[PDB]
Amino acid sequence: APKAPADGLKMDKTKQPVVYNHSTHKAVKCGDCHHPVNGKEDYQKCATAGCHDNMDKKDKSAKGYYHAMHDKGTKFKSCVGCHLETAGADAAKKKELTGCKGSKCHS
């Protein structure tokens, strides 16, 4: 089976890079993120060609990289989508986990 990589992974396809730590996400199944494609959980980098390789941040297709990290109502919960549920009504946690600046994702 695939193993989780080290913490401190930098996602840097964009000018707003974000650090991702697997160890704070163990309660999420691997395949909620590394989701099935053609019936098999896909562990490739998310922006692999043919995957979320569209770097236009307004795109909402299955190729839109920004969309896959930020939007709600997606087939798999996005970073922000899941964090909004986690924070609930707690405004401090909303800032920490979902804020567009000054959050744990974006400075």
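Start at 1 with the first residue shown and count on from there.
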Once average C-alpha B-factors are taken from the entry for 74-82 and 26-34, the winner is 26-34
CA B-factor placement of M55, once the chain's modelled residues are sorted into thirds: middle
Binned into thirds over the chain's modelled residues, the C-alpha B-factor of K104 lands in the middle
What third of the chain, by the recorded C-alpha B-factor, contains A92? middle
Please rank the C-alpha B-factors of the chain's modelled residues and tell me whether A68 sits in the lowest, middle or highest third. lowest
Among the modelled residues of this chain, does the Cα B factor of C46 put it in the lowest, middle or highest third? lowest
